[PDB]
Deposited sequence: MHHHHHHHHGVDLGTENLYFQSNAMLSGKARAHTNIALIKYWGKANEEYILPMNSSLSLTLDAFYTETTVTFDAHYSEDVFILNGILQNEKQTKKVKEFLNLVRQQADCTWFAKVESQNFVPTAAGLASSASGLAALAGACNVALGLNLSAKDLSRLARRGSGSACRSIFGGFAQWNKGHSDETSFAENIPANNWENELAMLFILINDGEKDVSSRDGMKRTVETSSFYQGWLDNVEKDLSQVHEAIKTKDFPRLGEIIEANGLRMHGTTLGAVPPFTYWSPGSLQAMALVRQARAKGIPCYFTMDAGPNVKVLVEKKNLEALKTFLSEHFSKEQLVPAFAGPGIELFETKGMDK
């Protein structure tokens, strides 16, 4: 009485950010979002449901995870079991390769295999969405858009065809180590929706940002793409400074990196930064200028702190 499955899902970085839920129960977002899936960072997850198990177990990189570390996985296991009318505890074994988007997407894929759900990419995106919003985009490779929809049935992601432009781009991660303890993405976006006087200004600008990203993609206009997404990310972070109590995901090193990206642009290197719910700074750059950018940034960051990535693929399912 054992069912198992495995999947590999790559991380994605949002260029137009998801920030705030319209519906917490179903993870329907207040706004649509758009990301790039990356080759360098992914998660492999195997799930086993077994009648003989006595509790849910979650192992990450060989380390048994505690209740707090397992909360999103546990919530997802419960929702997928409820849907399938499955009454068995589960063991989840995940390995990160170098992580929230990729891990929940991989778990959704692994459960789809184990429980025989036979889901389409659309409906696998919808399932992954229930575990974590950003996870629903990692079902897809390259550029992907999460359409906010208005319901559980209409909120999901899809690949954005780009005439292979994504294969000419790169993201250079600047790994910043000097951060305060940060509000989680789930708690921070909720605080922002509920209390930030800047949130309406965020919402009022998302759709025209998305439209201009699509225009830039159709024309492979890198500076235009970069200007839109850099401003989008800064606007997202601006909202947390208007929350009550206000907060920031930035650390000192984040600001240092952002300032150096501006310097890089001033010295002829077209490149544009974005940040998520933490201090790391991701820099979008054309492949042809990646090495120039890495060398420039090495004047201030160690080679361990500068990790490159190219575009990556959508989810891969495996039978056990």
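Gaps between the deposited sequence and the modelled coordinates occur at 1 to 23, 122 to 128, 351 to 355, listed in sequence order.
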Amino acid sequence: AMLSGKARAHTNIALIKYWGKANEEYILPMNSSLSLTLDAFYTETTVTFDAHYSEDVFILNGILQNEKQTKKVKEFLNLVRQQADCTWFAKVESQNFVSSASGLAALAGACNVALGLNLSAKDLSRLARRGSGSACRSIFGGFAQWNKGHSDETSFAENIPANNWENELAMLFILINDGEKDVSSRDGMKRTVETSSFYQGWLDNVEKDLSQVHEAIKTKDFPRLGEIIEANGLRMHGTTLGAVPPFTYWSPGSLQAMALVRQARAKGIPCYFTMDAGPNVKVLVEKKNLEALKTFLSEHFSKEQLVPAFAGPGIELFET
From here on, numbers count along this sequence of modelled residues.
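Each form is matched to the other, and the largest set of C-alpha atoms that superpose within 1.5 Å is called the rigid core.
The higher RMS C-alpha distance to the shown form in 7 other deposited structures of this protein, out of 223 to 231 and 74 to 82, belongs to 74 to 82, with every structure fitted on the core. In terms of root mean square C-alpha deviation after superposing on the rigid core in 7 other deposited structures of this protein, the stretch standing farther out between 276 to 284 and 62 to 70 is 62 to 70. Across the other compared structures of the same protein with both neighbouring residues present, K181 lacks coordinates in at least a third. Higher mean CA temperature factor between 11 to 19 and 306 to 314: 306 to 314, per the PDB entry. Stretches 76 to 84 and 217 to 225 differ in mean C-alpha B factor, with the higher average recorded for 217 to 225.
Going by the entry's values, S100 shows the largest Cα B-factor out of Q145, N205, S196, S100. The residue among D209, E230, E158, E153 whose C-alpha atom has the highest B-factor in the PDB entry is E153.
Sorting the modelled residues of the chain by their CA temperature factor places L260 in the middle third. Ranked within its chain, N167 lands in the highest third, by CA B factor from the PDB record.
Placement of the Cα temperature factor of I63 within the chain: highest third of the modelled residues, per the deposited record. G238: CA B factor lies in the lowest third for its chain, per the PDB record. Per the PDB record, residue ranking by Cα B-factor puts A292 in the highest third of the chain.
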